[PDB]
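Just one chain follows, in the form deposited in one PDB entry, and it is written as structure tokens.
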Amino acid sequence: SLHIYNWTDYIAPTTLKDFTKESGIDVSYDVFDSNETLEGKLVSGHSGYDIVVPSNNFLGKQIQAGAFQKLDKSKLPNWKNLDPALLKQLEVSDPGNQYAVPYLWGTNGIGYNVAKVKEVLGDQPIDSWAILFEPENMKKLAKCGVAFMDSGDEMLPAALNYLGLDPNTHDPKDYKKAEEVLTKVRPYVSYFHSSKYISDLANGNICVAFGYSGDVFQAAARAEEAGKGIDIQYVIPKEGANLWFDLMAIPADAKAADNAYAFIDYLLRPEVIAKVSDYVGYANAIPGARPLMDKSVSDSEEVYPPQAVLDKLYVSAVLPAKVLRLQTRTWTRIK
């Protein structure tokens, strides 16, 4: 048996069935919708999981905390399937990539109901964080429903970047500026939640959301399958946005490590990770998977962004505890 703690909506419907059928390893699969939730479960050091899937910045802090056991790469024959350039980018969080294996990666941005936003805002381009961070826009959108993430790590750096400030800043003066932006639009935010926004966008309960790329794409697909003419779109705003990577790691106290290795090695296979990306709308770190993927996914400049776009994006830094406390206190006052 194998216990996995992963993000919501982050796997294909038959990925687990296919693995179990091929390996004879059964899976207990639990989900969370925010890094803060996972971090909560790891802080104890007894979160009895064999695989967990933190983002790059959280992974860095958890490695410093000794949350994970070092990878025995001999039990990952498929490691050589990984993009070396991407592995190098993650070494900032995991020097020598000793603890974690890239899984999926993507951006945050704005997901929105085209018709409903046009109705409240007219025929203007939806291409700025201003849509969510200016009261002039939000006071109008409020009535049709708006979702923000339940996460300081997401919202504060986004607001900072919108203001032209360093999303990874250590400066309390900057955090107070970001706080002000967020507090001013809070009355218009329907709710803070990091997964509810998918079904809400799909069925029209909300018109706009702060969202992750693939999540928004899943919502748009559900909306098409619904057959009610709902058009959901994802936008990486002109001010740029977060570029993040999710990675699988094995808790230090894991009971079934060998089973964890089998699972991860299975996911490093091009045809397996292709099916996942095809379903969830997120890029993977396996160059061999591209030729096998749906062109609708691989040829999207929002799933796989070109250099002109990647240049506007910020990667979340592994921050000192002092700044993370600042971030937390600021978010609580807002939330």
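All residue numbers refer to positions in the sequence shown, first residue = 1.
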Which has the higher mean CA temperature factor in the PDB entry, 143-151 or 242-250?
-> 143-151
Select between 46-54 and 285-293 the stretch whose C-alpha atoms have the higher average B-factor in the entry.
-> 46-54
Of the options 83, 200, 123, 215, which has the highest CA B factor as deposited?
-> 123
Residue with maximal Cα B-factor (values as given in the PDB entry) among 278, 302, 39, 271 | 39
In terms of the CA temperature factor given in the entry, to which third of its chain does residue 192 belong: lowest, middle or highest?
-> middle
With respect to C-alpha B-factor, does residue 167 fall in the lowest, middle or highest third of the chain as deposited?
-> middle
Which third of the chain does residue 90 land in by C-alpha B-factor: lowest, middle or highest?
-> middle
Report the third (lowest, middle or highest) to which the CA temperature factor of residue 257 belongs, ranking only the modelled residues of the same chain.
-> highest
Tell me, lowest, middle or highest third: where does the Cα B factor of residue 175 rank within its chain?
-> highest
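Keep in mind that the form deposited in another entry is not shown, yet the notes after this line are about it.
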Residue pair residue 211, residue 162: same rigid group between the shown form and the other one = yes
Can you tell whether residue 86 sits closer to or farther from residue 313 in that other deposited form than it does here, judged by CA atoms, where the change is 3 Å or more?
-> closer
Check residue 271 against residue 195 at the C-alpha atoms and report closer or farther in that other deposited form, compared with the shown form; the change is 3 Å or more.
-> farther
